[PDB]
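Here's the structure, in structure tokens; my notes come after.
Protein chains: 2
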Amino acid sequence: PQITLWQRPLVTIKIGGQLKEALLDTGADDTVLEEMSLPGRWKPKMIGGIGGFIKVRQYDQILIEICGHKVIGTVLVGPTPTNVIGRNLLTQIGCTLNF
Amino acid sequence: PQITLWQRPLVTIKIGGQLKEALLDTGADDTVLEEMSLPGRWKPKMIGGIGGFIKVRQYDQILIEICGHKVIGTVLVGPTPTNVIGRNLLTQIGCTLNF
Ligand SMILES: CC(C)(C)OC(=O)N[C@@H](Cc1ccccc1)[C@@H](O)CN[C@@H](Cc1ccccc1)C(=O)N[C@@H](CCC(=O)O)C(=O)N[C@@H](Cc1ccccc1)C(N)=O
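Structure, rendered in structure tokens:
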């Protein structure tokens, strides 16, 4: 739908059988979730933002249901303060900015 | 206009007589710009993101022209790696997410 920015753009997502809330973030190249049990293989990675860099684990082809849409993509799991849905998934659900 | 997320959502902004590029970021409560000479009074502040926290200076009622729209709001200036336009200004230009 259409979502204004008067409040944080938080949505419900389903990933790995669990329900979580996540921030739709146009300024994030990647999707990064707070520490969680995810199954499968992975490679370590380092990502950066305002404040510096953190080490996360990268899982590829993970199924996530964002609002009503299912998408498969990479999800980084590590010490982020909040779950953020980045552009790698936002393009999959057809998300656009408008003004 | 309508902007997809296949690439970073970078726009041209004019602030303090200078031209700069900035990222439209729905996941940022605030607008934070790389170190720049801005005139006026300010209060120190600390902001956080993925990676930790940084110290910035806060200027209120600063005029910024984002794309074709003029807006007046708070702008944080400090050591951010890239200029980000946060929700405090995105609401001013009527920016919405859609999918
Ligand atoms: C700007 C500020 C007011 C301090 O708010 C946030 O940081 N907001 C974050 C959400 C949040 C707010 C408050 C509390 C908790 C959580 C989120 O929107 C962050 N958005 C961008 C802001 C930003 C972009 C670029 C530079 C500096 C800052 C970001 O860090 N995005 C990261 C997210 C992690 C990721 O996607 O990997 C990113 O795209 N990083 C890229 C590019 C990069 C590399 C190295 C350094 C900086 C940026 C990357 N591939 O690592």
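Protein chains in written order, with full-length UniProt numbering: chain V, 501 to 599; chain W, 501 to 599.
Using N, Cα and C, we set each Cβ at its ideal position, and we do this for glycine too.
- Taking one beta carbon from each stretch, the stretch 537-546 of chain W and the stretch 554-566 of chain V have fewer than 3 pairs nearer than 8 Å; the two do not touch.
- Within the model, the alpha-carbon separation for residue 586 of chain W versus residue 516 of chain V is close to 31 Å.
- Counting only the Cα atoms, residue 574 of chain V lies some 22 Å from residue 528 of chain W.
- Residue range 552-566 is occupied by the beta strand (DSSP E) that includes residue 557 of chain V.
- Around the Cβ of residue 583 of chain W, a 10 Å sphere holds 16 or more other Cβ atoms; the residue is buried.
- Per the coordinates, the alpha-carbon of residue 579 of chain V lies some 14 Å from the alpha-carbon of residue 538 of chain V.
- Contact between residue 594 of chain W and residue 548 of chain V is absent: CB atoms are separated by about 31 Å, not below the 8 Å threshold.
- Within chain V, no residue has its CB atom less than 9 Å from the CB of residue 542 of chain W, the nearest being about 18 Å off.
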